[PDB]
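What follows is a set of notes on a single structure, which appears directly below.
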Amino acid sequence: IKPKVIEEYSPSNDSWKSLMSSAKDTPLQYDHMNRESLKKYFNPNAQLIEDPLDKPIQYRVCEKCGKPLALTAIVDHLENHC
Amino acid sequence: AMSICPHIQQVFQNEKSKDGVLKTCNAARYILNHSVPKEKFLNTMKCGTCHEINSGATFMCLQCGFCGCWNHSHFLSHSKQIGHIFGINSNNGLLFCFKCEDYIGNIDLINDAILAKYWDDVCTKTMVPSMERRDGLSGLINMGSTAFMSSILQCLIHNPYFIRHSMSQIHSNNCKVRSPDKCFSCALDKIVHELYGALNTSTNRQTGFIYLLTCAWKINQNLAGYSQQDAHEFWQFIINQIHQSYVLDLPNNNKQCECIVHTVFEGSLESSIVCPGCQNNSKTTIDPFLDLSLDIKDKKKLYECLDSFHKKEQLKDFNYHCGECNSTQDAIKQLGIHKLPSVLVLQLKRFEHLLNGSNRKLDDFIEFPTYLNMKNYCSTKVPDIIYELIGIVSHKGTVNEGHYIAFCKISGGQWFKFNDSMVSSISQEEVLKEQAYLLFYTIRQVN
Amino acid sequence: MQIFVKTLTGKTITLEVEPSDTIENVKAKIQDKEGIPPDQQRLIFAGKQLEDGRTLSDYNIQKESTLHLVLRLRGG
Amino acid sequence: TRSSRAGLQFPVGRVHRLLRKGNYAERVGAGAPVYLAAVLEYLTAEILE
Amino acid sequence: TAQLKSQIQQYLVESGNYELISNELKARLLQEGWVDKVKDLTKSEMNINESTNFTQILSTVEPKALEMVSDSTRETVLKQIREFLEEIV
Amino acid sequence: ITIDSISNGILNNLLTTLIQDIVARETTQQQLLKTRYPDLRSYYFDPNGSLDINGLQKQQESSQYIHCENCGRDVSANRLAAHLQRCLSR
Ligand SMILES: [Zn+2]
Ligand SMILES: [Zn+2]
Ligand SMILES: [Zn+2]
Ligand SMILES: [Zn+2]
Ligand SMILES: [Zn+2]
Ligand SMILES: [Zn+2]
Ligand SMILES: [Zn+2]
Ligand SMILES: [Zn+2]
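Chain order of the listed sequences is A, B, C, D, E and F. Taking our numbering, the leading residue of the first sequence gets 1, the next gets one more, and so forth. Taking our numbering, the leading residue of the second sequence gets 1001, the next gets one more, and so forth. Taking our numbering, the leading residue of the third sequence gets 2001, the next gets one more, and so forth. Taking our numbering, the leading residue of the fourth sequence gets 3001, the next gets one more, and so forth. Taking our numbering, the leading residue of the fifth sequence gets 4001, the next gets one more, and so forth. Taking our numbering, the leading residue of the sixth sequence gets 5001, the next gets one more, and so forth.
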């Protein structure tokens, strides 16, 4: 293998949980919508859902008031809105 | 009567092991949402044995740092030799049991693991969607001439961003008025409530629609459904009312709106004005848009219509003095895309004006693709930019009289036709044979 | 000032207007060019339809902005 | 029927017959019995209202 | 030795060209309807075998799914990879 | 060993990875739907273009009615807007 690639770049014992640190510093990421192109061609405050029709909508319904709730919205709905 | 994997059940017989597992799954998914592409490739798609990338699915070990491939059975080998029967597929985060020879997709706790800490409460306070309501499919009866409203509402009924917004309770959480007979968004939330859930505790599921109609009557009776009207005008009117309610929800010079409409539908056009002599210049004007209106005459394909839309024009009626060559010229005008929206809405201009002051409908079939590439319209090389078709509104009749229908695509790839009260199954190819008036495209891939 | 209008065919025309000019006056000018009555005209800007009785400044409409012209397709 | 096909309660057949037989013109369009049945339904509605 | 493959792959990842390849491939298969054809194939096989077991369904889907890939996309993506390979050897 | 062969292996790797992803998503989804919903039935498809997803025809209006909450009057639904024009006119 050519020496110049190795020169400045270059069973394993390393661990994937090492990524937590990076995960701690990293903004929300998408798998197949490149971030920089989104920056160039799209607005700075766009909402984004990757592969929205992959599976049916994930949610649950309150037994008491019958509201359909997004998974991230259920808890406070249960605290002071029902 | 589909069964569930007993191997994970055994682990789940112990509460602390279960909690450890769910905590780790949640942490892992957070990492997956917060990891750049290269780290993921190098650390989750690299086989610990052969060091190949993407040797079929690569599995991330639940108990250690090892990654193992499928094609050479290297995770499989990790499972036989080290005893780890569970691995996570790095393409989708889904958990495989090598004993069942199947993924575990049917454990609600696992699918919704972020709420695991509160799961008991979640299971006591809330239920999974009912089979009947799970896709929110229901017709909206004609209450006079309200089809131009309901077809549109059906497309609104199928937008994942909108459903995430509504189900997130944002308006509900922040509304200072909290009445659906005044607030359009409250009314919408009521509709969502009726279609996906259950009001406490044949005429079914029309209450929200009636509220919306009441609000509409109160602001502009002409667009409230008694008389025939234009679906696009209703679209702009209602999204503007939604925006006004968002602004209303503020506790307090902020030109870009931060609302759901303006974070989804707003783009910007670039208009260039150039001297035909100097060909240097140019006088550039940037215009926001919430939708695009396309000419369709003498054309057969959507790309042709966008090309016409995007086509350069020489003004012959513009007073112009060039600063580089110091002379009067007939300027060149061009439209291109400066910024794209997350959801792209297209109106086909299916009409023309005659010298006698009358108008005529254009019934011309315009071919539209299942997947749309917008790369040719971006002004500044541009990477591939592809949208997925999710919606169509069609009109049958003439300019002054007709009928609107909606077509929406849901998970799995099936199309449905929404004709007032009637929701029916339709194939993609037939949808593609429809006379499109409005088209709704959602962003799918950005290169 | 000069502003632009993208017509049904996609052809763009130019109008001469003042910031204080009413939407009605602009529509009158469009009628005068195209022979289309005001009741048949729909004038679109920035995702909004422009309303009679209001001024250009009310919608933050400026010099050389482009308006998009459509008609109505009635149904229901 | 056709009352159905136009969402009308009023007998489109009866009406088309009455239009044909009452000697107003040689031929009688398809839209007119419906449009008219509609205006009639409308008005009996306003009255019963 | 077979360290070569991993080394080369590392260089490939670091250079940026992998995103371009993966993305172009995905765009082609998506646009020509292949992805959805593969979805339909999966549902059909699940219905025929009355099973959602991933391994056995995959065993029938994968060869066929591989055959269903258009020649155009195949030769174009191969051409591109080859272009990137012809760079540094 | 040649460039062509390794390239074929790379393409096979990519394709089998993508395929395994799609299939895994499909199988998990169907497993979920069948377990959550043991009695799962497909939505009705009518080749004649007449029946809805429950296999029913368009219901007869004005046979259906709505109880108007503003005045307590029941009104036939296809005249509801008319009623509201006469009802909200308070
Ligand atoms: Zn509740
Ligand atoms: Zn391990
Ligand atoms: Zn391997
Ligand atoms: Zn198992
Ligand atoms: Zn409200
Ligand atoms: Zn807004
Ligand atoms: Zn010049
Ligand atoms: Zn009332």
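Cβ coordinates follow ideal geometry from the N, Cα and C atoms, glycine included.
Could you tell me whether any Cβ in chain F is nearer than 8 Å to the Cβ of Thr4060 of chain E? no
Of the residues B:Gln1244, B:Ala1331, B:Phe1234, B:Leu1294, which one's Cα is nearest the Cα of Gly1277 of chain B? B:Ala1331
Does the CB of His1034 of chain B have a neighbour CB from chain A at under 8 Å? yes
Please output, in chain order, the residues near ligand 1 using a CB cut-off of less than 6 Å to any non-hydrogen atom of the ligand. A:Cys62, A:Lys64, A:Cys65, A:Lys67, A:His77, A:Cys82
Take the Cβ of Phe1365 of chain B as the centre, count every other Cβ of all protein chains shown within 10 Å, and call the residue buried at 16 or more, exposed below. exposed
Pull every residue with its beta-carbon under 5 Å away from any heavy atom of ligand 6, and keep them in chain order. B:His1243, B:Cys1257, B:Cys1259, B:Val1261, B:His1262
Got a sec: which bits of the stretch 5058-5085 of chain F sit with their beta carbon under 8 Å from any beta carbon on chain D, in order along the chain? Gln5060, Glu5061, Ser5062, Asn5078, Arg5079, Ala5082
Please tell me whether, using a cut-off of 7 Å, the distance from the CB of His1074 of chain B to the nearest non-hydrogen atom of ligand 4 is below it. no
8 Å is my cut-off, CB to CB: does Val5 of chain A come that close to chain E? yes
Taking one C-beta from the stretch 1012-1019 of chain B and one from the stretch 1227-1235 of chain B each time, how about it: are there three or more such pairs within less than 8 Å? no
Based on the DSSP output, what are the partners of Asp1102 of chain B in its beta bridges? B:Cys1097
With a threshold of 8 Å between beta-carbons, can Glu4067 of chain E be considered close to chain B, or not? no
Rounded to a whole number of angstroms, what is the C-alpha to C-alpha distance between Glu2034 of chain C and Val1192 of chain B? 44 Å
Sorry if obvious, but does the Cβ on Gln1329 of chain B come closer than 7 Å to a heavy atom of ligand 7? yes
Which of the three DSSP states is assigned to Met20 of chain A in this structure? helix
Can you check whether the CB of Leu4029 of chain E is closer than 8 Å to the CB of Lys4064 of chain E? no
Any Cβ of chain F within less than 8 Å of the Cβ of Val4013 of chain E? no
Leaving out five residues before and five after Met1422 of chain B in sequence, what residues of the same chain have Cβ atoms less than 6 Å from its Cβ? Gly1139
Among B:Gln1081, B:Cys1064, B:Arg1134, which one has its Cα closest to the Cα of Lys67 of chain A? B:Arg1134
Quick one: is the Cβ of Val1247 of chain B within less than 7 Å of any heavy atom of ligand 5? no
Applying the criterion that 16 or more other CB atoms from any shown protein chain within 10 Å of the CB defines a buried residue, is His5067 of chain F buried or exposed? exposed
What does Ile5053 of chain F touch in chain B if you count any residue whose Cβ is under 8 Å from its own? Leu1137, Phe1416, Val1423, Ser1424, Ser1425
Using Cβ-Cβ distances below 7 Å, what residues of the stretch 5007-5019 of chain F are close to chain B? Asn5013, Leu5014, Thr5016, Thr5017
Go through the stretch 1032-1108 of chain B residue by residue and report every complete run of the beta strand (DSSP E) that reaches 3 residues or more, in order. 1058-1061, 1067-1069, 1086-1089, 1095-1097
Residues that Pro2037 of chain C contacts on chain B, provided the C-beta gap is smaller than 8 Å: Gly1357
So does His1007 of chain B have its beta carbon nearer than 7 Å to some heavy atom of ligand 4? yes
Check for me: the alpha helix (DSSP H) holding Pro1160 of chain B runs from which residue to which? 1160-1167
Relative to the alpha-carbon of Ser1150 of chain B, which residue among B:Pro1160, B:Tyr1161, B:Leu1137 has its alpha-carbon at the smallest distance? B:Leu1137
Tell me the residue span of the beta strand (DSSP E) that contains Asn1419 of chain B. 1415-1419
Determine, using beta carbons only, whether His1051 of chain B comes closer than 8 Å to chain E. yes
State yes or no: is the C-beta of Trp16 of chain A within less than 8 Å of the C-beta of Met1060 of chain B? yes
Listed in chain order, which residues of the stretch 1203-1227 of chain B have Cβ atoms closer than 8 Å to some Cβ of chain F? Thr1203, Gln1206, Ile1210, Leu1213, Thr1214, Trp1217, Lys1218, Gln1221, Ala1224, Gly1225, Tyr1226
Stretch-stretch touch, CB-based, cutoff 8 Å, three pairs: the stretch 5010-5023 of chain F with the stretch 4057-4074 of chain E: yes
If you run the structure through DSSP and keep just helix, strand and coil, what is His1262 of chain B? coil
If we ignore side chains and look at the alpha-carbon of each, how far apart do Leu1302 of chain B and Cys5071 of chain F end up? 49 Å
Check distances from the C-beta atoms of the stretch 4028-4057 of chain E to those of chain A and list, in chain order, the residues that come in under 7 Å. none
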